[PDB]
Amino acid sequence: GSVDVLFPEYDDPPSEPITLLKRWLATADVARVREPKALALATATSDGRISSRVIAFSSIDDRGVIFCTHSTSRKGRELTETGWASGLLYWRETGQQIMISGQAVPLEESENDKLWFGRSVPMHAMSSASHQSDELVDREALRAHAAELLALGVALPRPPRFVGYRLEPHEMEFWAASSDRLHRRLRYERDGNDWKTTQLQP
C-alpha cells in the first residue's frame, strides 16, 4: 500500500494547504503510520550553511505548524538569525511526502507556557537540566541533575529557553508515489496574498 494511494485533491485542491495537511495526517493515523509527525526540520545560518534535525511537531492550527525547542540550541540560534525553515514529512508506509517551507515565528509567552505544561514530568526534568546543543561536559553529572530535578516531585516551571515557534507556510508540496513512476505532485505557493496551485512533473 505504499504506491497509488488515493489523492483526489491532486485534481481538486482545497483553498488552503493546511486543510490538506490535516486530512493527510488523519489518513496516516488510520494507516497506522509509524511516527507520522517526525518532521525533518532544516534551518540555516546567515552565511548559508544549512543544518537539519528531527522534530516531532506539537500541533497544527490554521496559520501553521507548532513545534517547541530550546532557544539557545543550534536551531534556535539559526531561527533567530534568519527565520527560514523547511520541514519534511515522509511516510514509508503510504509513499507520501509533505514539504512545509516558510518562516518560523516565535510564539507568545502564554503559548510557550501552554506547550511546556502539556508535557510529562520526566520530559520536564531532562529539558530543565540540559542546555540543548551546548557541549556536554560530564554525562554522569547531567544524569544526576535531571534525577534531582525529577525528585523535587513537583511541577517544574518553564525554563526561559524553552520556547515555541509557528512555522507559517510560504509554500507546501504534497507528493504521492505512483507505481508507473508518474508521481502525483501538488505545489502550493504564496502569490501576493493568496495561494497558487500547480501540478509538477516527477
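Position 1 is the first residue in the sequence shown; the rest follow in order.
J.: Would you determine, from the values in the PDB entry, which of 24-32 and 52-60 has the greater average C-alpha temperature factor?
T.: The entry gives the higher C-alpha B-factor average to 24-32.
J.: Could you settle it for me: does 62-70 or 149-157 have the higher average Cα B factor in the PDB entry?
T.: It is 149-157 that shows the higher mean C-alpha B-factor.
J.: Among the chain's modelled residues, which third holds the C-alpha B-factor of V137?
T.: For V137, whose C-alpha B-factor we compare with every modelled residue in the chain, the answer is the highest third.
J.: Which third, lowest, middle or highest, does the CA B-factor of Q103 fall in along this chain?
T.: Top third by C-alpha B-factor.
J.: Would you please rank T43 by its C-alpha temperature factor against the other modelled residues of its chain and give the third it falls in: lowest, middle or highest?
T.: For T43, whose C-alpha B-factor we compare with every modelled residue in the chain, the answer is the lowest third.
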